[PDB]
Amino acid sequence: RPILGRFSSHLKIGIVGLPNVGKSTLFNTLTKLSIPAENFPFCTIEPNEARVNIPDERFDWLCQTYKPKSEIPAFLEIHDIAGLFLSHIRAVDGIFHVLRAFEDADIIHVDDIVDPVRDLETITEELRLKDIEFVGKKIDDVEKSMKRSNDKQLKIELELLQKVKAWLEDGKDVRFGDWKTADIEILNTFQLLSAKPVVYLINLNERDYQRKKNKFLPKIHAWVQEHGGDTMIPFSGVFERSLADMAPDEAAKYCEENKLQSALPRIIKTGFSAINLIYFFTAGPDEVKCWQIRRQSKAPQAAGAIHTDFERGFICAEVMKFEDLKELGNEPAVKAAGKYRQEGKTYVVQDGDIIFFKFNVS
């Protein structure tokens, strides 16, 4: 039941990397595409934070079909981090790790050596080092507490912190550890940087992105295989900045004529292997909304993601498969074909489910 990383309602992503790799440029490109801050009346959105809708053909279709009063797509929350003070980074679920694989041509800087692998080793080392500093401080705190308290939980926390210190000093990320559920629950309270899952974004000039080729990609791929097997997505920051500034008509003409497409949709939809998510929808005249929950969630746990009271008071879940609704075309048709189902406490929610939850007010 415990897993590394405490996913709640949507992913929070930190953009990390060395200076001058295009982090703030990527962030500004995503800001142009973002949900305005007025749509979150319960939240204060910091200046280096953007909320961007996850594009989903299913979500668009449901909104055409139900014509709801309000449309709430799934979204991603993205934070631009300036350098590697650490409150911003500790809070995120996962990391977009941006690598420089772009080089200038006729006008160049002296000794401006591009080496993505060298940069990978530098930043991954720096995250583990910040974890070693954090774990060092917590070991001191626990040892001081253990002078005063007899409590068994302190002896457990200490044994774990020392196992983690040794793992990190051996150059290994916490997320590649074999942690028992008891350890995972303690690790999750620490929010260690090397415990967070990663997507690698490889920043290329627009020619290399259009060509679908770069000399550094095989070297990056090889390193990533020996250090976790995480997703790699090539992009061009300069191309995405230009494309986001064009009008829809100009953008389409540019992409047709030059034979390339935006990487941003793929980047926004990719998510993380360690954080295995599915979408379910609520749909009606008032609202169509996309909900994000852990794969293999049971119906009452999906209700809990709306609010704990709907889980605790759960009675049943009336479910349509998105496929069933799409092919029959409307809810009356789905009911007539007997594909509108009453599901119970043991039902395992499926990606694309359209759910009408029933609960007891007390």
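Residues carry their position along the shown sequence, with the first being 1.
- Missing coordinates between residue 84 and residue 85 amount to 10 or more residues of the deposited sequence.
- Look at the C-alpha B-factors of 255 to 263 and of 286 to 294. On average they run higher in 255 to 263.
- Looking at mean Cα B-factors across 85 to 93 and 111 to 119, the upper value is held by 85 to 93.
- Note on 227, 196, 207, 79: the highest value goes to 227, judged by CA B factor as recorded.
- Across the options 303, 319, 50, 336, the residue with the most elevated CA B-factor in the record is 336.
- In this PDB entry, residue 361 carries a Cα temperature factor that places it within the highest third of its chain's modelled residues.
- Ranked within its chain, residue 271 lands in the highest third, by CA B factor from the PDB record.
- Among the modelled residues of its chain, residue 168 has a C-alpha B-factor that falls in the lowest third according to the deposited record.
- In the deposited entry, the Cα temperature factor of residue 3 places it in the highest third of its chain's modelled residues.
- Among the modelled residues of the chain, residue 240 sits in the lowest third by CA temperature factor in this PDB entry.
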